[PDB]
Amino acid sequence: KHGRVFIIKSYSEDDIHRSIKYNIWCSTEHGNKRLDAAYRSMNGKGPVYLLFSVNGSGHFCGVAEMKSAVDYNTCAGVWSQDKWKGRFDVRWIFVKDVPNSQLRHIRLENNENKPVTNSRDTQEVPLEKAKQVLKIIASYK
(Lines of atoms letter the chains of each structure in order from A and count residues from 1; the text may use other names and numbers.)
(Lines give C-alpha, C1' and ligand atoms only; values in the text may rest on other atoms or scores of the structure.)
Protein backbone atom coordinates (compact mmCIF):
# COMPACT_ATOMS: atom_id res chain seq x y z
CA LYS A 1 0.00 0.00 0.00
CA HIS A 2 0.86 3.65 0.66
CA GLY A 3 0.44 3.32 4.43
CA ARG A 4 2.45 4.83 7.25
CA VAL A 5 2.78 3.01 10.57
CA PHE A 6 3.73 4.24 14.04
CA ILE A 7 4.36 2.53 17.39
CA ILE A 8 2.20 3.78 20.27
CA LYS A 9 3.55 3.26 23.83
CA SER A 10 1.25 3.81 26.82
CA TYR A 11 1.94 3.96 30.55
CA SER A 12 -1.79 3.43 31.05
CA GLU A 13 -3.83 0.34 30.24
CA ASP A 14 -6.92 2.28 31.38
CA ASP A 15 -6.35 4.89 28.66
CA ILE A 16 -6.21 2.03 26.13
CA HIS A 17 -9.56 0.69 27.31
CA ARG A 18 -11.02 4.20 27.02
CA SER A 19 -9.52 4.57 23.52
CA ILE A 20 -11.05 1.26 22.42
CA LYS A 21 -14.36 2.31 23.99
CA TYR A 22 -14.55 5.77 22.39
CA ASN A 23 -12.22 5.67 19.33
CA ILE A 24 -9.96 8.54 20.41
CA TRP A 25 -6.30 8.88 21.35
CA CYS A 26 -3.80 11.58 22.30
CA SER A 27 0.02 11.57 22.41
CA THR A 28 2.56 14.06 23.74
CA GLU A 29 2.87 17.44 22.06
CA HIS A 30 5.88 16.15 20.11
CA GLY A 31 3.98 12.93 19.41
CA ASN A 32 0.81 14.69 18.26
CA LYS A 33 2.84 16.85 15.89
CA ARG A 34 4.56 13.78 14.39
CA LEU A 35 1.23 12.02 13.80
CA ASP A 36 -0.54 15.18 12.65
CA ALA A 37 2.00 15.94 9.91
CA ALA A 38 1.95 12.34 8.68
CA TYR A 39 -1.84 12.21 8.55
CA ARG A 40 -2.26 15.54 6.81
CA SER A 41 0.51 15.07 4.22
CA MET A 42 -1.10 11.71 3.42
CA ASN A 43 -4.12 13.55 1.90
CA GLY A 44 -6.23 10.39 2.08
CA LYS A 45 -3.89 8.48 -0.25
CA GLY A 46 -3.28 5.74 2.34
CA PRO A 47 -3.81 4.67 5.95
CA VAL A 48 -1.95 5.75 9.07
CA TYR A 49 -1.75 2.67 11.29
CA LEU A 50 -0.92 2.74 15.01
CA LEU A 51 0.60 -0.27 16.80
CA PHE A 52 -0.26 -0.13 20.50
CA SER A 53 1.85 -1.54 23.35
CA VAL A 54 1.54 -0.91 27.10
CA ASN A 55 4.96 -0.27 28.70
CA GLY A 56 6.26 -3.21 30.69
CA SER A 57 3.48 -5.52 29.50
CA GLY A 58 5.64 -7.71 27.23
CA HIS A 59 3.00 -7.72 24.49
CA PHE A 60 1.36 -5.56 21.84
CA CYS A 61 -2.35 -5.15 22.36
CA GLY A 62 -3.76 -4.17 19.00
CA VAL A 63 -3.88 -2.03 15.89
CA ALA A 64 -5.86 1.07 15.08
CA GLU A 65 -6.11 3.50 12.16
CA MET A 66 -5.78 7.24 12.63
CA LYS A 67 -9.10 8.70 11.48
CA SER A 68 -8.78 12.48 11.87
CA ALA A 69 -6.37 15.36 12.20
CA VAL A 70 -5.27 16.51 15.66
CA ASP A 71 -7.50 18.91 17.61
CA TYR A 72 -5.26 20.59 20.21
CA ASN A 73 -8.02 22.37 22.19
CA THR A 74 -10.36 19.86 23.85
CA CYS A 75 -11.78 18.91 27.24
CA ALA A 76 -9.06 18.62 29.86
CA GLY A 77 -8.63 15.68 32.21
CA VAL A 78 -10.35 12.90 30.26
CA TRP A 79 -7.47 10.43 30.65
CA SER A 80 -5.76 8.79 33.61
CA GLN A 81 -3.35 11.78 33.79
CA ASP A 82 -3.84 15.50 33.06
CA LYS A 83 -0.70 16.08 30.99
CA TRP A 84 -2.47 15.37 27.65
CA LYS A 85 -3.60 18.30 25.52
CA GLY A 86 -5.79 17.53 22.55
CA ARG A 87 -7.49 14.65 20.79
CA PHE A 88 -7.76 12.73 17.56
CA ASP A 89 -9.99 9.97 16.29
CA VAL A 90 -8.97 6.38 15.62
CA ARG A 91 -10.65 3.20 14.46
CA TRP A 92 -9.48 0.03 16.19
CA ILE A 93 -8.82 -2.82 13.76
CA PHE A 94 -7.42 -5.60 15.96
CA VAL A 95 -7.75 -5.91 19.74
CA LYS A 96 -5.53 -8.83 20.77
CA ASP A 97 -2.50 -9.59 22.95
CA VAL A 98 0.56 -10.63 20.93
CA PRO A 99 3.70 -11.51 22.94
CA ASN A 100 6.84 -9.50 22.15
CA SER A 101 8.59 -12.83 21.48
CA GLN A 102 6.53 -13.02 18.25
CA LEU A 103 7.86 -9.67 16.97
CA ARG A 104 11.35 -9.23 18.38
CA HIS A 105 13.14 -10.54 15.29
CA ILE A 106 11.76 -7.61 13.26
CA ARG A 107 14.34 -4.82 13.44
CA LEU A 108 14.09 -1.19 12.30
CA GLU A 109 16.83 0.11 10.00
CA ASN A 110 15.73 3.65 10.92
CA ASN A 111 16.19 2.94 14.64
CA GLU A 112 19.82 1.68 14.69
CA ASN A 113 18.49 -1.77 13.83
CA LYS A 114 16.90 -2.20 17.27
CA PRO A 115 14.02 -4.67 17.62
CA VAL A 116 10.62 -3.16 16.85
CA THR A 117 9.60 -4.28 20.37
CA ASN A 118 12.11 -1.78 21.88
CA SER A 119 10.67 1.34 20.30
CA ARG A 120 9.59 4.52 22.07
CA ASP A 121 6.24 6.30 21.62
CA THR A 122 5.46 7.33 17.99
CA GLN A 123 8.54 5.63 16.52
CA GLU A 124 7.84 5.26 12.79
CA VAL A 125 8.16 1.78 11.27
CA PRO A 126 9.50 1.33 7.70
CA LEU A 127 6.76 0.07 5.42
CA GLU A 128 8.09 -3.42 4.77
CA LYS A 129 8.90 -4.03 8.44
CA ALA A 130 5.39 -2.75 9.23
CA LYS A 131 3.70 -5.20 6.85
CA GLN A 132 5.75 -7.88 8.59
CA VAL A 133 4.38 -6.81 12.00
CA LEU A 134 0.80 -6.57 10.72
CA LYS A 135 0.86 -10.09 9.26
CA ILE A 136 1.98 -11.53 12.60
CA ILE A 137 -0.58 -9.54 14.59
CA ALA A 138 -3.47 -10.48 12.30
CA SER A 139 -2.62 -14.18 12.19
CA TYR A 140 -1.62 -14.73 15.85
CA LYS A 141 -3.49 -17.55 17.61
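The first residue of the shown sequence is 1; numbering continues from there. Note that the rigid core is defined as the largest set of C-alphas that superpose within 1.5 Å between two forms.
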Higher-deviation stretch (C-alpha RMS, rigid core fit) in 9 other deposited structures of this protein, choosing from 131-139 and 1-9: 1-9
Farther-lying stretch by C-alpha RMS in 9 other deposited structures of this protein, rigid core as reference, of 28-36 and 72-80: 72-80
Which of 41-49 and 112-120 has higher mean CA B factor, as the PDB entry lists it: 41-49
Relative C-alpha B-factor of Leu127, binned into the chain's lowest, middle or highest third: highest
Third assignment of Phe60 from its chain's C-alpha B-factors: lowest
B-factor third for the C-alpha atom of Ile93 within its chain: highest
Chain-wide C-alpha B factor ranking for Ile8, given as lowest, middle or highest third: lowest
Third assignment of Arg87 from its chain's C-alpha B-factors: lowest
